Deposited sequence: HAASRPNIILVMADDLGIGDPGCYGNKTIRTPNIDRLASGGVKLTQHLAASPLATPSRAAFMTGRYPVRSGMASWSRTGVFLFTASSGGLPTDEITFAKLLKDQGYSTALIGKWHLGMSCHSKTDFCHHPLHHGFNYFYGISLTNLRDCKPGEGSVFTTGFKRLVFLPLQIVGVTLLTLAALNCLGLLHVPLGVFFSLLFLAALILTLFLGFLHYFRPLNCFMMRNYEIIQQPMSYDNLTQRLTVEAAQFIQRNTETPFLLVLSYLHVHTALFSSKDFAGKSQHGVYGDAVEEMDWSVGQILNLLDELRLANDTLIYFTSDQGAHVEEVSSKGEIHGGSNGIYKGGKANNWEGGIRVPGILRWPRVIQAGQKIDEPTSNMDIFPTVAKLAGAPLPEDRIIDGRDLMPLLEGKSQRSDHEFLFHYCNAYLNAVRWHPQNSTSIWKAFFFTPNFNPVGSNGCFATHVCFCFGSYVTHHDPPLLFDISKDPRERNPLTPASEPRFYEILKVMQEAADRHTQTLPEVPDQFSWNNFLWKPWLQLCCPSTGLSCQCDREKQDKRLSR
């Protein structure tokens, strides 16, 4: 409360809840992170506001549901894939960084943003971290992907199939058959038609070739504030370079309260390690990466000790969302991570994607070794940190996040989340319910995905319909009793079935009455590659090579 301690927010990319040591895993080496759970609280029911990178991060930064800022899509694209697109965290939203920055904190973002860059001009940076509360930024505007490192890139495959291969095949077959018929004297085919097919194939093929050659350079680069330092992004000691920038930040603020947000690229698809982690792993390169990530955390702790700030510094650890279930290469390699006993993962509202690692450590205040089980949200630190810094919560808008200091200081035993909603981009998927006078977790599902190999089909389940199956009355679970979420409830729990789904179903109805009309930050105009938005470090246009790193 107006304490003004140092705040370190550490967010791992896609790290499953069932991967760290302090959570069940027995083979992975996540020491420094366990050396953070034993020193404080371990959230056992930490819920990310979304299964995708962009919206989850959007919710974290704002403490508001992705829909309030219109940072969730209705299409199959739930995250930004082009640095040169105009969609981003709304210029009118307020991040906890801006909040802390106004109270005089030194703010820094090290690593991944994934909330847009510019709007109308390549340099307006309307959505850049420096126009959302951060004084300093070292990292990447978009996100790490297979395509950022030559060896895979099956991120676009589904589209490559529908947009290039298949039509390339229709044209091809059409031309081969037209040639046979014409050659057989069953049809006269004018040169003008063969020309039209060749032309169309050349065009589709050139665009596809263009895409393959430029995607990586135009979308995978390193930045330092408003400038490109490395294009394309190199993996030479990436996790190490983030740490140094993080470490260097803390150090230049040993006497000023500071806010550090370390958003690692790990362990998002396209794993990697330094010379020091390559090989020794559990379930492959992923483990090699996760364990490298942990070495980074530890590196920051020892610095906190070295500088004697560890005692008056709030540290938090989490993952933007669950580990990727359907993430396996072609030559075999099984990536993605694990979410333990839980069902689902990255891209669906099944615990495995909603649930997630949540750790808090503040020596001077939080009782080390503690363990909370009440339902907590990804959006909860926005209000928690605002208080810590004495920054006032915004009153012109609603905040879904709930301060969690009373829960971590034992001043309270129940979290203010008896009604949590689970969206799937713009689509209101599930709905949780921790009844006031009970310890049961009622979870309804207005719909559910449709796991591909009975969702390796499209690489990621959706929220649309052609891959979604609605329910009426709403399907219902009781994660409190059945966490594994491997058995719907209707027989025994039938004495209050229609009863509960009446109190829950109303929530959504009364809830959706606070969802204002806001622009779709994920519309086609805000998601598509805009040439005039492309940052190109060397020359002008598209031939951007950079490495000031």
### Task
Report the unmodelled segments of the deposited sequence as residue ranges counted from 1.
1, 456-459, 555-562
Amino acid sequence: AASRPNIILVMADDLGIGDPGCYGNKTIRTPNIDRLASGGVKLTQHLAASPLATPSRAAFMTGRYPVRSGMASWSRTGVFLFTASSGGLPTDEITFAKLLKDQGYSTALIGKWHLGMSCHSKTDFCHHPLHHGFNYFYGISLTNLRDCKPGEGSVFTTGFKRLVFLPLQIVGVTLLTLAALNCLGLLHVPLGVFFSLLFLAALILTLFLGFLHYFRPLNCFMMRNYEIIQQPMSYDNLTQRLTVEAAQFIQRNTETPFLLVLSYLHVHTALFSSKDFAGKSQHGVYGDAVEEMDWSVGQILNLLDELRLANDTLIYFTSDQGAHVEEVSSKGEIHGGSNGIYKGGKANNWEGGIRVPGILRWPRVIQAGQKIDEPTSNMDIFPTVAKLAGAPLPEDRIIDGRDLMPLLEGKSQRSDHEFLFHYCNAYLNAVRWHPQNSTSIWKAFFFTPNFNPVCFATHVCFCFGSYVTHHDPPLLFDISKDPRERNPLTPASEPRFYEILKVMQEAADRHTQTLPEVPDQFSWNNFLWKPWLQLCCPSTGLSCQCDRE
From here on, numbers count along this sequence of modelled residues.
### Message
Quick check on the record: does 287-295 or 179-187 carry the larger mean Cα temperature factor?
### Response
287-295
#### Entry: Stretch with the greater mean C-alpha B-factor as recorded in the entry, comparing 260-268 against 422-430
422-430
### Message
Among the choices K101, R364, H470, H132, identify the one whose CA B-factor in the record is greatest.
### Response
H470
### Task
Go through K387, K122, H114, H459 one by one and give the residue whose Cα B-factor in the PDB entry is largest.
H459
### Message
Please say which third, lowest, middle or highest, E333 falls into when its CA temperature factor is compared across its chain.
### Response
highest
### Query
With respect to C-alpha B-factor, does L52 fall in the lowest, middle or highest third of the chain as deposited?
lowest
### Within-chain third of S523 by Cα B-factor, per the entry
lowest
#### Entry: B-factor third for the C-alpha atom of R397 within its chain
middle
### Query
Going by what the PDB entry lists, where does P474 fall on CA B-factor within its chain: lowest, middle or highest third?
highest
